[PDB]
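Structure assessment
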Amino acid sequence: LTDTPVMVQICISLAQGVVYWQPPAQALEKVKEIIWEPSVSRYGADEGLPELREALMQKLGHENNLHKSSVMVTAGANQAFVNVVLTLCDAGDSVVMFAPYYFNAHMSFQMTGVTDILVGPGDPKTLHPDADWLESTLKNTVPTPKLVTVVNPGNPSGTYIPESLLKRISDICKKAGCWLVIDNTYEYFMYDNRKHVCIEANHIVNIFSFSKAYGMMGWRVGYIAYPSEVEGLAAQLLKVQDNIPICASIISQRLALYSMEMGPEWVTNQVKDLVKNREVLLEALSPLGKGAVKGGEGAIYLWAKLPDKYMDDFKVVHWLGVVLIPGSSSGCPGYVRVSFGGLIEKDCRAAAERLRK
Amino acid sequence: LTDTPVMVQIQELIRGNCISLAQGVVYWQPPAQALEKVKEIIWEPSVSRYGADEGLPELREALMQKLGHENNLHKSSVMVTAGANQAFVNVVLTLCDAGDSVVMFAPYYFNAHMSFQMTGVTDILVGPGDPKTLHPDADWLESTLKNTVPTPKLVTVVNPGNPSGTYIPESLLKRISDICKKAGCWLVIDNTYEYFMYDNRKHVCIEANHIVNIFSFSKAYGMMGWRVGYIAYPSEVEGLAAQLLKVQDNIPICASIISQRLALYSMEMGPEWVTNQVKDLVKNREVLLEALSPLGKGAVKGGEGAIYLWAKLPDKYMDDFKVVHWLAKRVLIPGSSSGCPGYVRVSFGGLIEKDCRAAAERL
Amino acid sequence: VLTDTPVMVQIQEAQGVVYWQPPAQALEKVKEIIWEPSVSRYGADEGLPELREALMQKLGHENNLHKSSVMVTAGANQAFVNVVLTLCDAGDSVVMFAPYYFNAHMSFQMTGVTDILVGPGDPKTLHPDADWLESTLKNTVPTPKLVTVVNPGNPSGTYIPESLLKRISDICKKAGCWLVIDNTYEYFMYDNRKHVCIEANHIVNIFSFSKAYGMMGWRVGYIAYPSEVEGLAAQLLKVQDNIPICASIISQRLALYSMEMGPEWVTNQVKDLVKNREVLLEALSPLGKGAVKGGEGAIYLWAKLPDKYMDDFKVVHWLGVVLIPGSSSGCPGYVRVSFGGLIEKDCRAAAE
Amino acid sequence: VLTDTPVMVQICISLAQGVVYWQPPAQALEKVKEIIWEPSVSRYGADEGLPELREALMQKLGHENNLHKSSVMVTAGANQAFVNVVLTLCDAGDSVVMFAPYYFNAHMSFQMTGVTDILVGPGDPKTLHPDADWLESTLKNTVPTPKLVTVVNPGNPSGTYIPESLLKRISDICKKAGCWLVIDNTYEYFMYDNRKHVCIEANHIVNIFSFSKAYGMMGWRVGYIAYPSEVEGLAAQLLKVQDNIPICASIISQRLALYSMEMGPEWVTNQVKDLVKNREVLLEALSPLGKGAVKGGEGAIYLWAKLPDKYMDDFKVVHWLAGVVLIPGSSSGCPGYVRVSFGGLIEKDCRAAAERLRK
């Protein structure tokens with residue numbers, strides 16, 4: 001077996017981060033009507049269904065205020081991230097993530113022979129990525145890291161990146177001449193009127209997913225909004241895209257398009273029903289102490305520190321009848337992740353999360 | 001931008017699309033009875049949820065039975081992937097390090113070549129096939145593997161061939177397996193066109209702890225747009241399953257659930273649903289074979305399997321793309337992309353006796 | 001028997017190269033044009049018209065040269081020979097400065113130009129002594145035909161400040177001899193020191209693609225020579241037709257495509273050599289203070305051995321790292337270090 | 001201002017320059033494409049050439065040319081190869097020997113390096129083969145002895161070859177006089193009517209070869225020198241000039257040369273055979289000129305024709321052709337003559353041989 005992957009890292013449920021709702025019935029209804037079209041069974045353009053790309057172009061402009069980005073539909077945001085790594089990183093290059101980091105992004109770097117991953121700290125009080133650390137790291141790391149990855153709002157932190165902070169990291173990356181890769185999988189999942197914002201530049205690539213917003217997890221559709229004016233970028237993405245998925249499933253792309261037509265409010269109105277899921281689980285995490293739990297700013301995650309000697313999450317998780325996610329996988333051992341987006345007021349039976357000590 | 005993809009070649013997405021004899025797919029839709037079931041299950045919550053990375057237990061189980069009864073495989077495990085292309089990438093990332101060397105045979109499958117390059121596996125040793133049959137030269141392989149230092153990590157073959165349209169006899173396949181075995185390197189066989197055989201030529205599958213097989217639903221069942229394929233890998237190779245799972249979790253997570261259902265329902269028709277339609281392609285072959293007569297007598301090879309005929313242009317036309325551009329204007333596939341300049345690929349699987357109008361190809 | 005002129009040209013030589021490949025985007029463009037029949041046909045002796053045009057734009061926009069014609073050559077080494085054969089007769093005298101570029105010295109000799117007047121540099125800055133030059137040109141009869149300089153220097157690693165360069169040019173103008181400037185390392189400057197190019201009807205500039213774009217094996221260089229000097233192009237054309245005929249067509253293509261990345265593609269990697277420079281410089285600490293010169297430009301450090309070891313060749317044969325003996329550049333007792341060719345295998349070179 | 005030595009160097013369907021119409025082998029161009037990414041391809045090579053190519057060339061010299069005492073140095077063309085030899089074997093002010101009609105670029109290369117005393121010998125009026133009797137007398141009676149004798153086999157511009165017997169006699173003559181014999185084999189693969197090209201070697205002989213014509217690699221710039229291994233210090237001198245002028249031939253070009261070679265000589269000679277119909281066609285267009293007016297067709301790709309006695313101005317007759325472009329014979333030292341190249345066209349050569357002389 002190969003060097004590169006062998007050293008790549010490996011009851012009510014509160015584990016995998018999903019939503020409980022299905023895609024829009026009216027969008028599913030439109031899909032029902034087109035299954036016999038021959039185009040649905042044929043290869044589509046690698047870049048995605050033209051109608052879908054166009055709907056996404058309009059969405060990026062009017063919802064995210066992006067006007068200089070092109071779209072490539074991918075078979076998921078996870079495959080979209082792989083496209084970017086293979087296009088923006090060489091094996092042996094260095095990259096920067098922030099703790100706690102998105103687990104699959106970490107593995108995806110390693111998997112493609114990018115093993116020098118510099119994991120920076122977040123503000124101890126808010127878990128927001130330390131921009132001072134990054135700016136100093138980029139100045140003092142030789143050779144300069146090729147790209148920086150952040151998730152806004154965060155997985156697993158459940159915290160978001162303020163507009164001011166987001167632009168500073170962007171500015172830091174611009175002088176240093178490296179890429180900024182922002183995963184917007186949870187853009188529609190904001191709480192307490194906190195604002196998700198998107199920014200663009202010839203050194204910024206944004207990644208999105210339909211999986212959580214529209215409950216289309218099993219359908220596997222996501223997309224890349226990349227700078228239109230960066231020479232040869234589109235061509236490299238085409239190369240990686242043709243080799244891995246060729247194209248996203250046509251029927252999945254159709255559903256994405258039809259789900260989109262409901263509008264953003266279809267999603268955010270359902271996110272509101274999750275606020276009560278949060279409050280229940282936050283009070284269920286009371287035995288841990290007063291400032292032990294963070295997050296609840298965005299996405300669907302709560303980030304909690306287990307007792308000081310319990311730095312071994314796997315044993316704590318196995319000993320629990322509720323399923324949590326070990327925080328060590330995100331680079332922070334001794335912590336644990338709680339997802340409140342996947343249950344329908346069966347979340348209170350999930351509040352059987354004993355935490356006896 | 002990164003070296004590794006900047007130095008992979010552009011694909012044949014370039015198109016002056018004229019009736020086409022280019023992309024190699026079939027003209028038939030997936031089984032209507034299987035699509036009808038899919039139409040009904042769109043509402044199942046399980047269809048919209050993430051599935052197991054290795055694939056639907058029902059699909060995997062069905063595929064196990066297929067491998068046993070059709071391919072005579074009994075020591076292989078199954079992983080459902082979102083297409084045979086993503087599947088091959090799983091294998092490349094799992095069996096190859098950047099800077100390793102690998103072996104292919106000319107003419108080679110274009111996307112397989114790029115997938116190597118794409119991950120920084122750029123030391124690609126391209127071997128010849130027997131001059132009369134284009135079947136991979138086992139003699140070249142044996143010496144190449146023995147005398148190249150360090151030994152190449154894996155050898156890639158396509159059975160039956162794209163773009164050659166030739167198959168690999170059971171005898172040759174077993175020798176190639178031995179050669180890779182003696183040297184201790186991997187053998188990766190792409191069986192995408194396993195149901196596409198002609199003139200009673202028989203496709204066979206073999207397994208070993210140094211063999212990984214790849215399959216696809218795209219060509220056989222006309223399910224191109226649904227994106228389903230699978231990997232049959234050795235069950236007994238320690239830690240192999242974990243590596244494939246690592247790559248699988250990072251790239252597709254899983255194949256589309258609805259797509260896996262369609263594949264599962266399509267399978268239930270049985271192999272004969274496919275092979276009975278394949279018989280109808282022979283008449284397309286014979287028609288197109290006469291359309292390639294101006295090229296000379298021994299000029300055309302293939303027609304043994306898949307849906308391809310492989311033809312040599314005159315020596316002066318080593319620039320295939322320009323001849324292809326000139327046949328659109330007044331559409332074929334350039335052989336240079338498969339490592340063989342001066343050649344051109346003709347697909348007889350994509351047209352329905354409009355292929356006789358394709359005899360408007362008088363070069 | 002063998003010939004006098006090359007039997008008495010000196011034997012050859014560590015090697016000063018860069019570790020980086022040419023632009024990946026330029027290499028990819030080359031792959032797609034290999035089938036063009038023009039790539040395999042003879043090209044115009046003066047070079048690809050498209051390339052000459054791109055180089056004309058570069059000279060104007062980067063080097064501020066506007067009175068120069070361009071000729072593409074198969075390397076700057078062949079370009080210099082063109083120049084020697086065009087501007088010097090055997091039996092003529094020429095001027096170089098110590099330490100001098102080794103191959104330039106041999107090229108003079110090889111063509112029967114053996115009366116080579118080698119001037120001194122300031123012992124501390126290695127800058128060419130312009131006072132020596134003015135007095136030498138005025139007092140040598142007949143006047144030397146041309147003066148050759150390398151800016152920034154091989155082997156010195158020092159540059160010629162704009163003020164000095166213009167003075168040297170003025171001296172050559174009054175004396176009425178040619179000035180030949182080798183700008184092979186124009187893109188390799190440090191501490192924001194300024195590389196400058198100047199032009200005149202008595203100046204010939206030479207460039208190379210080899211170091212800047214890591215295109216060493218491809219063999220492309222060029223000459224920027226005065227357009228208004230009557231009959232100069234024709235003489236250069238004659239020598240060009242006899243030696244390379246033309247630079248490799250595919251090599252010229254790579255050069256053109258590489259150019260499209262812009263100078264900044266080069267300088268970002270050059271910046272990364274500063275870390276190589278400091279490492280080897282401290283590895284040269286046992287030799288003493290001010291023992292090492294250079295680091296102003298190019299990719300060279302120029303260091304004086306202890307006084308008792310005047311046989312550099314013997315020290316080099318002894319040293320397990322390979323350096324270049326400074327004797328080859330007219331300066332015995334010295335040794336040359338190249339910090340441009342290794343990628344943090346450079347710290348293993350610090351096994352000294 | 002400018003120097004004496006180069007200032008005193010000499011400066012529509014085409015039948016002029018003489019190239020081949022074919023590109024290099026498709027399999028070799030494809031193999032080259034696949035290694036363009038290799039770092040070794042962008043690095044300097046050994047001055048004497050790629051070891052795999054030099055070894056391949058050694059095998060070729062032995063099995064095809066029957067040479068076994070020669071070393072190989074790869075150059076950026078045979079033209080640059082010839083310059084290496086001139087600077088190595090000739091001093092400025094020396095005298096050298098060529099035969100009429102002589103190869104123009106060889107003549108200039110002498111002049112360019114200050115060798116201007118170039119003694120031009122006669123060829124037999126019927127076959128243009130070099131007169132060995134004249135050579136022997138000239139070498140014995142010119143003081144000091146000419147340093148070098150240059151021949152092209154088969155010939156440019158004559159298109160005639162030098163039989164093995166004559167070649168060995170010229171060699172023996174140079175051996176007695178103690179001068180060098182330099183043989184240009186650029187067209188070794190271009191022989192007709194089963195005439196045999198032969199190579200010989202000795203400590204006073206240097207052979208020069210090119211990939212440009214045989215493999216259509218003109219734009220790629222590859223050639224080589226086969227020189228005596230046992231002559232003390234010869235390799236060192238050749239290394240000196242090689243290091244100052246090309247350093248090394250382009251690596252990718254050397255790779256193409258190696259891969260082209262693997263096709264074998266028959267790949268070329270099969271392409272050469274297709275030129276025979278071009279020869280006869282152009283030969284038929286030169287019919288107005290007379291009985292003995294045309295020479296050549298023995299080798300290379302050239303026809304050498306004498307105009308009528310009254311039209312002694314070659315340059316004007318060539319300009320008076322627009323509409324085919326020919327080469328003026330005066331540049332090869334023989335006024336009243338004209339050169340025709342039949343290697344560069346694909347039976348538009350008959351459209352070129354349609355536009356001939358009334359006179």
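Residues numbered from 1 in each chain as written, not as in the entry; some residues may be left out. Chains lettered and ligands numbered in written order. Heavy atoms only, no water.

Going by what the PDB entry lists, chain C is known as Aminotransferase and is assigned to Solanum melongena. According to the PDB record, the title of this entry is "Pad-1 in the absence of substrate". Regarding chain C, the relevant UniProt record gives this comment under Cofactor (unreviewed entry): "pyridoxal 5'-phosphate". According to its UniProt record, chain C has this under Sequence similarities (unreviewed entry): "Belongs to the class-I pyridoxal-phosphate-dependent aminotransferase family." (UniProt positions renumbered as here; feature names shortened; annotations may be inferred.)

Chain B appears in the PDB entry as Aminotransferase from Solanum melongena. Heading Cofactor (unreviewed entry) of the UniProt record for chain B holds this comment: "pyridoxal 5'-phosphate". Within the UniProt record for chain B, the comment given under Sequence similarities (unreviewed entry) is "Belongs to the class-I pyridoxal-phosphate-dependent aminotransferase family."

Another aspect to go through is the domain arrangement of chain C. All names here are of chain C. Taken domain by domain, chain C consists of domain 1 (4–16 + 268–338) and domain 2 (24–262). Computed from C-alpha coordinates alone, the two centres of domain 1 and domain 2 are separated by 23 Å. With 26 residues of domain 1 at the contact, the number on the domain 2 side is 30 residues. Contact between domain 1 and domain 2 buries roughly 2400 Å² in total, counting both sides, with carbon and sulfur atoms accounting for 58%. For the interface between domain 1 and domain 2, the tally reads 1 salt bridge. With a shortest N-O distance of 3.1 Å, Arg 277 and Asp 191 are connected by a salt bridge. Scanning the region where domain 1 abuts domain 2 turns up 17 residue pairs in polar contact. Here the residues of the side of domain 1 that touches domain 2 are counted per class, giving 11 nonpolar, 10 polar and 5 charged. (Domains from an automatic or database assignment. Contact = heavy atoms within 4.5 Å. Buried area = accessible area lost by both parts, 1.4 Å probe. Salt bridge = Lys/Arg side-chain N within 4 Å of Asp/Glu carboxyl O. Polar contact = N/O pair within 3.5 Å; in protein donor to acceptor, adjacent residues only side chain to side chain. Nonpolar A, V, L, I, M, F, W, Y, C, P; charged D, E, K, R; others polar.)

It is worth spelling out the side chain of B:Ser337 at this point. Residue and element names in this part refer to chain B. Relative to the elements of secondary structure, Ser 337 occurs in the loop between β10 (333–334) and β11 (343–347). Judged by relative accessible area, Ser 337 falls into the buried class, the value being 7%. A distance of 2.8 Å separates the side chain of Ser 337 from the side chain of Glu 12, its partner in a polar contact. Sequence-distant contacts of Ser 337, defined by excluding residues within four places in its chain, comprise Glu 12, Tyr 108, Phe 110 and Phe 321. (Helix = DSSP H or I, 4+ residues; strand = E, 2+ residues; numbered from the N terminus. Buried < 20%, exposed > 50% of the residue type's maximum accessible area, 1.4 Å probe, protein only.)

Further remarks concern the sheet that holds strand β6 (residues 179–183) of chain A. Sheets are built from strands paired through backbone hydrogen bonds, the pairs being either parallel or antiparallel. All names here are of chain A. Pairing in this open sheet of 7 strands is mixed, and the strands run β2-β8-β7-β6-β5-β3-β4 from one edge to the other. With one partner strand each, in any of the chains shown, β2 (69–74) and β4 (116–120) form the two edges of the open sheet. When the angles between neighbouring strand axes are averaged without regard to direction, this sheet yields 20°. When β6 meets strand β7 (residues 204–209), the two strands line up parallel, connected through 4 bridges. Residue pairing across strands places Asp 183 opposite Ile 207, the latter belonging to β7. With respect to the sheet, helix α8 (residues 163–176) is in contact with β5 (147–151), β6 and β7, its orientation differing from that of β6 by roughly 150°. Strand contacts of helix α9 (residues 233–243): β2, β6 and β8 (222–227), with the helix running at about 0° to β2, the strand carrying the most contacts. (Pairing = 2+ DSSP bridges. Axes fitted to C-alpha atoms, helices over the stretch in contact; angles between N-to-C directions.)

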